[PDB]
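Consider the single chain below, provided in structure tokens and representing the form deposited in one PDB entry.
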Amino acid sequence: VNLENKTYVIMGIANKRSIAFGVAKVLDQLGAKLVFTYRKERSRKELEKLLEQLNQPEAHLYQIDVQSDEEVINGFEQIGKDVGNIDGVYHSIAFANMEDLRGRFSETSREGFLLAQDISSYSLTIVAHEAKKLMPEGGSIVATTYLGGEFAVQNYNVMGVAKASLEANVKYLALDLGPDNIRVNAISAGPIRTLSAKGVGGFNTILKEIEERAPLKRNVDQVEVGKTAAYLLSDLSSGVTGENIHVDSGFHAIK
């Protein structure tokens, strides 16, 4: 799994705790050229500071709000002109309003539901469509999901239905872009203390339950997600597509 002369776009670093910073640390350490995309200017600033700890000899940062067709279209188009063709995309992007991450699911608003869908699932489809233009030779696209896409986990509410959508999106992209030699997979990460986690009702309780009940008796970290991301983005996984790998201490396997 050595990746020199590989280029990967990582979407969704906000700070040093971001899962996508785990991927980045692991890919960068394996010698890959990286390009980063962000939404808030605070994320770019965090990216500028975190690039000091990476080996990247230059900073490729692109502002892409995935709610914008044109910002995605022109973002990847630009990445293509700056660095040429890419080997894959790590997609670490999701959003839901805080109302919608606690209390009663049946009370979700249309606007809150569609917002979570647009950012957390559909952004993958359009990223894939635009990213494919930079992978004339094939490549690898990995999204980040959560077990709550597969089962009804208390509080995760609108995001779980967005992750269900995301997971199917992976399969349909896998089928569609398969003949083009682009593999499309997901990582189902265990719960990890991140900026966005602070918004999920009951997140602390779940951390403690993994540690008590999951087979490895411990929580996972971002580097662990990065290690599997390296596998999925590299040749090591050449016959794997439409797959969902649980990086979660075995929790998905137990009841």
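Basically, rigid core = biggest C-alpha set you can superpose within 1.5 Å across the two forms. When you see a residue number, it is the position in the sequence shown, counting from 1.
- Of the two segments, 80 to 88 and 164 to 172, the one listed with the higher mean B-factor is 80 to 88 (C-alpha atoms only).
- Stretch comparison (40 to 48 versus 212 to 220) by mean CA B-factor in the PDB entry places 40 to 48 on top.
- Of the candidates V225, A186, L30, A197, the deposited coordinates give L30 the top C-alpha B factor.
- Among all modelled residues in this chain, the alpha-carbon of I64 has a temperature factor (C-alpha) in the highest third.
- Ranked by Cα temperature factor within the chain, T108 sits in the middle third according to the deposited record.
- Per the deposited record, the Cα B-factor of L207 falls in the highest third when ranked against the other modelled residues of its chain.
- In the deposited entry, the Cα temperature factor of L54 sits in the top third of values across the chain's modelled residues.
- Annotation for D100: CA B-factor lies in the highest third of the chain's modelled residues.
One more form of this protein exists, namely the form deposited in another entry; it is left out here, but the text below deals with it.
- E212: CA moves 2 Å or more between the shown form and the other one after rigid-core fitting.
- Shown in the overlay between the shown form and the other one, fitted on the rigid core, is a CA shift at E52 smaller than 2 Å.
- The Cα position of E41 differs by 2 Å or more between the shown form and the other one after fitting on the rigid core.
- Cα-Cα spacing of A214 to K171 is enlarged in that other deposited form versus the present form (difference of at least 3 Å).
- Pairwise change in that other deposited form: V225 and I210 C-alpha atoms lie farther apart than in the shown form, at least 3 Å.
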